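All residue numbers for the sequence shown refer to the deposited numbering, where the first residue is 397 and numbers rise by one.
A quick write-up on the structure given underneath.
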Amino acid sequence: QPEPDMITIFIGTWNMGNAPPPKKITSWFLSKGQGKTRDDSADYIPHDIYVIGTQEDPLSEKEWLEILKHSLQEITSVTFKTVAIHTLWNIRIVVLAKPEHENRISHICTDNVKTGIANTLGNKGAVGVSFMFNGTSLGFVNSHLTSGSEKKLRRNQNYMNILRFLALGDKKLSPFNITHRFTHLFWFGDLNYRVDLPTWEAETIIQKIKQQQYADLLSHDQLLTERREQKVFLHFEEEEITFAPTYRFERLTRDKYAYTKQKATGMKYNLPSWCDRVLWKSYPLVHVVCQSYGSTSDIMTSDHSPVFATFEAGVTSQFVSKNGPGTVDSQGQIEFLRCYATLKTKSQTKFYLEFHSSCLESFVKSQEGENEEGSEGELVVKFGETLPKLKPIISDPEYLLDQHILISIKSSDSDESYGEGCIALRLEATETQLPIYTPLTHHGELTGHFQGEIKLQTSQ
Ligand SMILES: Cc1cccc(C(=O)N(C)C)c1C
Numbered sequence: 397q398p399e400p401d402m403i404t405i406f407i408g409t410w411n412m413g414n415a416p417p418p419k420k421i422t423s424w425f426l427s428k429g430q431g432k433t434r435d436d437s438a439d440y441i442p443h444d445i446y447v448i449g450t451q452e453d454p455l456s457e458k459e460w461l462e463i464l465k466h467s468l469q470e471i472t473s474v475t476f477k478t479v480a481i482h483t484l485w486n487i488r489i490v491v492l493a494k495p496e497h498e499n500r501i502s503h504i505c506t507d508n509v510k511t512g513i514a515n516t517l518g519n520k521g522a523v524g525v526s527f528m529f530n531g532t533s534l535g536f537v538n539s540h541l542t543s544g545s546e547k548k549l550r551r552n553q554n555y556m557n558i559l560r561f562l563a564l565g566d567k568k569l570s571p572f573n574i575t576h577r578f579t580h581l582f583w584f585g586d587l588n589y590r591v592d593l594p595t596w597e598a599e600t601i602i603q604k605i606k607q608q609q610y611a612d613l614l615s616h617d618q619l620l621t622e623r624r625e626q627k628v629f630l631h632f633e634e635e636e637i638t639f640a641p642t643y644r645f646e647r648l649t650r651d652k653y654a655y656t657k658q659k660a661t662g663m664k665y666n667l668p669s670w671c672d673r674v675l676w677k678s679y680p681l682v683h684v685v686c687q688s689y690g691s692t693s694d695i696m697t698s699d700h701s702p703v704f705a706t707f708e709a710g711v712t713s714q715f716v717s718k719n720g721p722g723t724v725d726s727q728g729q730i731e732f733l734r735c736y737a738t739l740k741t742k743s744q745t746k747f748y749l750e751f752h753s754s755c756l757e758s759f760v761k762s763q764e765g766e767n768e769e770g771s772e773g774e775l776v777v778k779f780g781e782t783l784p785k786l787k788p789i790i791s792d793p794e795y796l797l798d799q800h801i802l803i804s805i806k807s808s809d810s811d812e813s814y815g816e817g818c819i820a821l822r823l824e825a826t827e828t829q830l831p832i833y834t835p836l837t838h839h840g841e842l843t844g845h846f847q848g849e850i851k852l853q854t855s856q
């Protein structure tokens, strides 16, 4: 029974509006409704992994698990195994997998982050799950961010708190936040970004939605515009949106957007918006293809419609050779030529690098680089030919070309990371000097760049 090189992952996000679901929710898991929908010919084909994110979820974990498992059994005739479930207040994540994957999944982690302080601490934040699927690390974040059209900056701040403080994945990757710990990271939820148009334009917006003309609305979507301006979700992807805004509906129909200010809304307008979103970030040159992104039309208990997204995602096997794991394979090496970091910092400390990768027995610290001034004010940290030769555990190119090296540039004075990035070993050639590049981030904000050349020796 061969190990897979691809899996499909279903991501669902639904703000349930504190109401129990209707008796049938199978359209959600089948990616049917509006937007990029799944072909009918696939309906009986189970996804490998289903990850369900809810917000304003009134159900117990037991009640929701029973609905989800019975839903998937009805669709697929497969009884899914529960990988993980985690709830913060009314924010929940469930991970279900086909039983054949039970012995492929390990290192299951769960965590939550509460956002805000005093006033603003008490119902918003995030839950997450991570695990290994054979050789591939997967992370999943369900967040319910701050509501209200005039709070996009609060949402951005909530995002940064969540990616700093959510403790998922390999704790040995100590310089790295969740935006670097996973082969594939999926981040979804009621992100609560709105269509920023004047209140007086509400009926105009509704007209545009009825005509399925989303372009003049998406050009004012706060998540797209904040992402454009590098204020949030730097280096994440989102599929094109081709479904109607998923908020705010009258319950028990989808024929009506309820946007007018009410005591129940704190006298706020809720212009139709794409509150409910799925984004992802995968390591460079790993296969990931969005195969659906849309909203259901037939689930109407909430003032939000469910959103679905499905993905093909590349995975690797749990590789064993005669040598590693448990030793190095001297027919493998990773070398670095002409390397330098460019940093945005105004500070003057010495810097060194740390290389982290599951292809190494443990992380590697470099010597300090040589600081120079860039021609436009920048700090340039030169490593030249001084970086260590990295000794992978396995030399087979079928393993090594699928790996990645995480890089942190650290202050000698404080040992604090000033920037993190990731280099793919999926090279065009071995035993050949080739350019490498990553942006560097810290707390998910751009802090610099790392560039140079690599020379990879495999056993072939
Ligand atoms: C809407 C948005 C915002 C920020 C970055 C991107 C992106 O990945 N580009 C390659 C431009 C996009 C598509």
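Don't be surprised by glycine CBs; every beta carbon is placed ideally from N, CA and C.
Quiz item: In chain order, which beta strand (DSSP E) runs of at least 3 residues are fully inside the region 478-513?
Solution: 487-493 and 501-510
Practice problem: Taking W424 as part of the alpha helix (DSSP H), name the residues at either end of that continuous run. | Solution: The residue labelled residue 424 in the question sits at position 28 within the sequence shown. That run of the alpha helix (DSSP H) goes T422 to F425.
Self-check item: Distance CB(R434)-CB(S688) smaller than 7 Å
Solution: The count along the sequence shown starts at 1 and reaches residue 434 at position 38. The count along the sequence shown starts at 1 and reaches residue 688 at position 292. Contact: yes.
Quiz item: For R673, does the three-state DSSP call read helix, strand or coil?
Solution: Taking the sequence shown and counting its residues from 1, one reaches residue 673 at position 277. DSSP places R673 in strand when its eight states are reduced to three.
Quiz item: What are the boundary residues of the beta strand (DSSP E) that includes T579?
Solution: As a position in the sequence shown, residue 579 is number 183, starting the count at 1. That residue, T579, is in no beta strand (DSSP E); it is neither H nor E in DSSP.
Self-check item: Unbroken beta strand (DSSP E) run spanning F529, endpoints
Solution: As a first step, residue 529 is located in the sequence shown; it is residue number 133 there, counting from the start. From DSSP, the beta strand (DSSP E) with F529 extends over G521 to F529.
Quiz item: Any heavy atom of ligand 1 within a distance shorter than 6 Å of the CB on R623?
Solution: As a working mapping, residue 623 is identified with position 227 in the sequence shown. Checking every heavy atom of ligand 1 against the Cβ of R623, one is found closer than 6 Å.
Quiz item: Cβ of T843 within 7 Å of Cβ of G817?
Solution: Walking along the sequence shown from the start, residue 843 turns up at place 447. Walking along the sequence shown from the start, residue 817 turns up at place 421. Cβ distance not < 7 Å, so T843 and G817 don't count as in contact.
Quiz item: Grouping DSSP H, G and I as helix and E and B as strand, with all else coil, what is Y833?
Solution: Start at 1 with the first residue of the sequence shown, and residue 833 comes out as number 437. Strand.
Quiz item: Is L620 near ligand 1, going by C-beta to nearest heavy atom under 6 Å?
Solution: Sequence index remark: in the sequence shown, residue 620 carries index 224 (1-based). Under cutoff, so the answer is yes.
Quiz item: With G535 and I574 assumed to form a contact (beta carbons below 8 Å), what rounded beta-carbon distance in angstroms separates them?
Solution: Translated into positions along the sequence shown, residue 535 becomes position 139. Translated into positions along the sequence shown, residue 574 becomes position 178. Indeed they touch by this definition, with Cβ atoms about 6 Å apart.
Quiz item: Among all the DSSP beta bridges, which residues are the ones paired with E633?
Solution: Residue mapping note: residue 633 aligns to position 237 of the sequence shown, counting from 1. Answer by DSSP bridge pairing, in chain order: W676.
Quiz item: Can you name the residues that DSSP bridges to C735?
Solution: As a working note, residue 735 is residue 339 in the sequence shown. Answer by DSSP bridge pairing, in chain order: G780.
Quiz prompt | Three-state secondary structure assigned by DSSP to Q430 | solution = As a working note, residue 430 is residue 34 in the sequence shown. Strand, per DSSP.
Quiz item: Can you give the beta carbon distance from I601 to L667, rounded, assuming they're within the 8 Å contact cut?
Solution: Position 205 of the sequence shown, counted from the first residue, corresponds to residue 601. Position 271 of the sequence shown, counted from the first residue, corresponds to residue 667. So it is a contact: roughly 6 Å between Cβ atoms.
Self-check item: Cβ-based neighbour list, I730, same chain, cut-off 6 Å, excluding 5 preceding and 5 following
Solution: Working through the sequence shown from its first residue, we reach residue 730 at position 334. Result list for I730: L786 and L852, in chain order.
Quiz item: Under the rule that 16 or more other beta-carbon atoms within 10 Å means buried, what is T723, buried or exposed?
Solution: The residue you call residue 723 lines up with position 327 of the sequence shown. It is exposed - the Cβ of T723 has fewer than 16 other Cβ atoms within 10 Å.
Exercise. Just tell me which of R647, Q397, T579 and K627 has its CA closest to the CA of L802.
Key: Walking along the sequence shown from the start, residue 802 turns up at place 406. Comparing Cα-Cα distances from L802 to each of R647, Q397, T579 and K627, the minimum goes to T579.
Self-check item: Local conformation of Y748 per DSSP, three classes
Solution: As a position in the sequence shown, residue 748 is number 352, starting the count at 1. In this structure, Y748 counts as strand in the three-state DSSP scheme.
Quiz prompt | Residue of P495, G449 and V777 minimising C-alpha distance to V523 | solution = As a first step, residue 523 is located in the sequence shown; it is residue number 127 there, counting from the start. When each option's Cα is compared against that of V523, the closest is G449.
Exercise. Can you say whether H466 is buried or exposed, counting buried as having 16 or more other CB atoms within 10 angstroms of its CB?
Key: Within the sequence shown, the letter at position 70 stands for residue 466. Per the 10 Å Cβ criterion, exposed.
Self-check item: Alpha-carbon spacing of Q609 relative to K664, whole angstroms
Solution: Translated into positions along the sequence shown, residue 609 becomes position 213. Translated into positions along the sequence shown, residue 664 becomes position 268. Whole-angstrom Cα-Cα distance: 25 Å.
Practice problem: In the DSSP assignment, find the alpha helix (DSSP H) that holds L614 and state where it starts and stops. | Solution: Start at 1 with the first residue of the sequence shown, and residue 614 comes out as number 218. Looking at the DSSP string, the run of the alpha helix (DSSP H) that includes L614 is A611 to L614.
Practice problem: List the endpoints of the continuous alpha helix (DSSP H) containing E462. | Solution: Along the sequence shown, one-based indexing puts residue 462 at 66. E457 to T472 is the span of the alpha helix (DSSP H), which, as asked, contains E462.
Practice problem: Under 6 Å Cβ to Cβ from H752, same chain only, skipping five residues before and after it: list those, please. | Solution: As a first step, residue 752 must be located in the sequence shown, where it is residue number 356. Excluding positions up to five away in sequence, the list reads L569, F759 and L802.
Quiz item: For the beta strand (DSSP E) that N515 lies in, which residues bound it at each end?
Solution: For the purposes of this step, residue 515 is taken as residue 119 along the sequence shown, with counting starting at 1. Element bounds for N515: n/a, residue is neither H nor E.
Quiz item: Which of the three DSSP states, helix, strand or coil, is assigned to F561?
Solution: By 1-based counting over the sequence shown, the position of residue 561 is 165. Three-state DSSP puts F561 in a helix.
Quiz item: Can you tell which of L783, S545 and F572 has its C-alpha closest to the C-alpha of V591?
Solution: Locating residue 591 in the sequence shown gives position 195, counting from the first residue. Nearest of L783, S545 and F572 to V591, Cα basis: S545.
Exercise. From the DSSP output, read off the bridge partner residues of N554.
Key: By 1-based counting over the sequence shown, the position of residue 554 is 158. Partner(s): none; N554 has no beta bridge.
Quiz item: Do you know offhand how far residue 864's Cα is from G585's?
Solution: No answer is possible for residue 864: it lies beyond the span of the chain, which begins at 397 and ends at 856.
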